[PDB]
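First structure 1, then structure 2: two forms of the same chain, each alone, as C-alpha cells.
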Structure 1
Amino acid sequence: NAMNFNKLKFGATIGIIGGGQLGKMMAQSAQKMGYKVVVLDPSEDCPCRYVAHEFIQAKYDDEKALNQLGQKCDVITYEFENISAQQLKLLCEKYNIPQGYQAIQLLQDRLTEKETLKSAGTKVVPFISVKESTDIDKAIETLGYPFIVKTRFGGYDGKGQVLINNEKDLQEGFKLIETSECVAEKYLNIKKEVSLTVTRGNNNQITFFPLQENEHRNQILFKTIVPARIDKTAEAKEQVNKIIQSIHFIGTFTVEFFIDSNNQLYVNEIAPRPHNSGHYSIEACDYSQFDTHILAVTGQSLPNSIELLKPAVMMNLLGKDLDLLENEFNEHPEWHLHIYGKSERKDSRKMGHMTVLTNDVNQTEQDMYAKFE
C-alpha cells in the first residue's frame, strides 16, 4: 500500500469498475476535470454507459475484461464492493490502483468488518458469528433479546437481515442461516443515525465532509439532513482516525454510525466508496464527494476543508417515489432532481434523488414528510 503514488494530469484515463449511478457521478466529475473514462459493467443499460469514453460490458469476475480495463487506463477505481478481493489483488499488482485490495477484502464480509473495527479499538456493537444452527444458542446467551441476524456476504439496503425480538422469531432466523453464513449483533435502541464521508489522498492527505444525519425507511436510506442536528463530528473523527490505522483508504469512503437512546456512538459499517448519504454535497458544498474522489485517486492535492455553502435535505427516489411524485417534478425546481436513467423501474430500486437546499432544515424536513406520505 503506497503512501505516495502517481500524480495524473488531465488527459489521463480513469477506469471504473461498476456503472451504477455512483460510477456515473464519478465519471461526470472526471470528464468535467478533463480525464477520460472507461467503465466496466455487465449491463448494457448501466447509467454510466454514456458518460464514458469507452464501455466494456463484462462481469465483475471476468479476468480478461478486467485486464483489458487495466490496459486502457492510467488509474483504476471501483464503484461498488462487488469484485472479488482475489481478482483485485492480481490487478493492483499489475496496474495502478492506489485504493489497493485490503479495503475491499475486509469490508466485503460483515464478520471481517466487525472484527477489524473492534481490533482498531473503535466502539462496535457487540457481535458474534453464526454459520450453524447451534451458534444461535450462543447468540441468545451472549447478546440477549433483542438482537439481529445479518448475512455476511450479500446484503445491501436492509436485505438479508432478520430481527429477533422474542423466541417466536428464531424460526425466521434459522431459515436465513440454513442458506448463508451470518453474523448476530445487539439490536440497539437508536435515536439518530449519522455518517461521515471522508477522502484520503496522496502523502497522507485527508478531508472530511460535514456530518450528515440519516433516516432510513424499510432499512433503505430515505432522508439525509446536513448539518446533522446532533453534535458528534469530533467523536466521529476520532473513530475514523482509529479505522485508518488498520485499513488503507484512498479516495472517498464513508463510515456509518449509530447513536444510542443514551447518546452513545457506535461504528456500524464502512463503505469504501462514495455513499448514498453524500449525494447532497453536489449542490450544498464547494466540493462534492465525487470531485474529491477523482482528485484523490489521480493523486492531486485535496482541499484541507469542505464548506457547507447551504444546509440541505436530500431524499432518495425509489421507483415507488417516482410513481407518487413524478408529475409534480416540473413545478419544483428547488428539488434539484437527479434521475439516474435506469430503464427498469421497480418499487424499491433507487432511481434518482433530490436535494433541497434550505435555510430552515426543520421546516423542509416537515415539508418532505408530508410529500412522501
Structure 2
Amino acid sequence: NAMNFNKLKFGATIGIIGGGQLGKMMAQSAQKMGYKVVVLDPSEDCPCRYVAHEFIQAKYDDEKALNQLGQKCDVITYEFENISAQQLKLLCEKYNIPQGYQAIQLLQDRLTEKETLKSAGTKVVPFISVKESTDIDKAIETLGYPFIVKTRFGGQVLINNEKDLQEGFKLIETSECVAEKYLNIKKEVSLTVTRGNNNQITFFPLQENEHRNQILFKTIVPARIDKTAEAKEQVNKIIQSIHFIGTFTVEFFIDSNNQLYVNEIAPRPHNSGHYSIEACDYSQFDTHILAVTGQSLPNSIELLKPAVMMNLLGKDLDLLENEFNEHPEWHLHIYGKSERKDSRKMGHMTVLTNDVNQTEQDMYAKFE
C-alpha cells in the first residue's frame, strides 16, 4: 500500500514476528545499527530471544500479543510465513508495517499466486487447478507426464505414469490441489532483492542453489549460469503485481533448454541469501533493516569475494562438528537451537574462496 513510509532513526524499536534464525540475524543487524528489538515467538528457546531488548512469548494466532507488539514498536516486520494473513491485515491497519499483508496473503494460495504471476506476464511453470477427481483428467491432457500435484492451501505427489495416478486421487480427496509440469531441471538459481522507500530497489548477486531432499544444501556465488538479466526482468514484472518492501527472494528453475522459470517467492530474507553476511559489502539483513526503517538503500551490492554456503542440519553437525575447531575458513554460524533433529536447520557455513568449483568439490567430499 505505502510507497513512502516513516523514516525511523536509530533509537526507534523494531518488532519481529517470529524468533527463528532469520529473525535472529535481523535483530543483530538492527542492534548493530542502534535499533531496539522486540521479538514475538511461542517458544521460550527461540534463537532470537537473547538478541532482543524484549521477548513476547505468544503464538502467532494470538491477537492481544500481536497488539502488544504493535504498542511497543515503531515498525513491525516478519521472519517467517507464520502469522495468518487476516491477523497481519488487522495489524497493518493499526501499526507501521511497510511490508503490508498483500504478499503473505497471496503467497499462501498456490492457485492465485500462479495466476497473478501469469497475469503479471512472468514465466511460470504451466499449471492447472485440481479441485475434483475429474480435473486430474484435464491435467494429464494439459500438463504431464510428468506433472506434480501440490495442495493449494498451506504435500506433493510426483506423478510419472499411470502407476502414480491412484496415489494422486488420494490427495485431491483430502484437500484442494494444483498441478504443474515436472521439469527436467538443468540448474536452480535465486535472486535476493531489497526494496525500500520511494521505489528504491537493490539486487544481490545471482545465487546458484543445490537442494538435497527438498532442503537447501549448497549455495554458490557468483551463480555459474548467467541468468542475472533474465532474473531481474522477471523480478521487475513481479513487483508490479506484488508489493514488497525489505528483503525478498525469488527462486528460479533453469530447464534442459536453458529456459528460465519463476518457481517460488519468499517475502523475507531467505536461506539462499546468508552467504552475503561474509561475501558482500551489505548483507540481506543489513538492507532489510535499512528498507524497513525507511533509509536509503545502496544502489548496488558488491560481491567482495566468491562463496560457497552449506546449510548445517542436525545430521551435518553429527558428521562434522568435531572438525569445526580446525576450519576457521568455514565461518560457522550456529543458531543456538536447544533441540537437534536430523533435518532441522541448526546453522550454516560460508566458505569464501577464489575457486568455487574446487571449493564445491571439497564440500561434496566433506558432506559425504
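If you superpose the two forms and keep the largest set of C-alpha atoms that fall within 1.5 Å, you have the rigid core. Please note that residue numbering is based on structure 1, beginning with 1 at the start of its sequence.
Comparing C-alpha positions between structures 1 and 2 after a rigid core fit, one residue in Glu235, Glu172, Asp286, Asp260 moves 2 angstroms or more. It is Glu172. Shown in the overlay between structures 1 and 2, fitted on the rigid core, is a CA shift at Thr134 of 2 Å or greater. Core-superposed comparison between structures 1 and 2: the Cα of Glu215 travels less than 2 Å. Here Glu344 exhibits a Cα shift of 0.4 Å between structures 1 and 2, evaluated on the superposed rigid core. On a core-based overlay, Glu115 has a Cα shift of 1.5 Å between structures 1 and 2.
For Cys182, the Cα shift between structures 1 and 2 is 2.2 Å when the rigid core is held fixed in the overlay.
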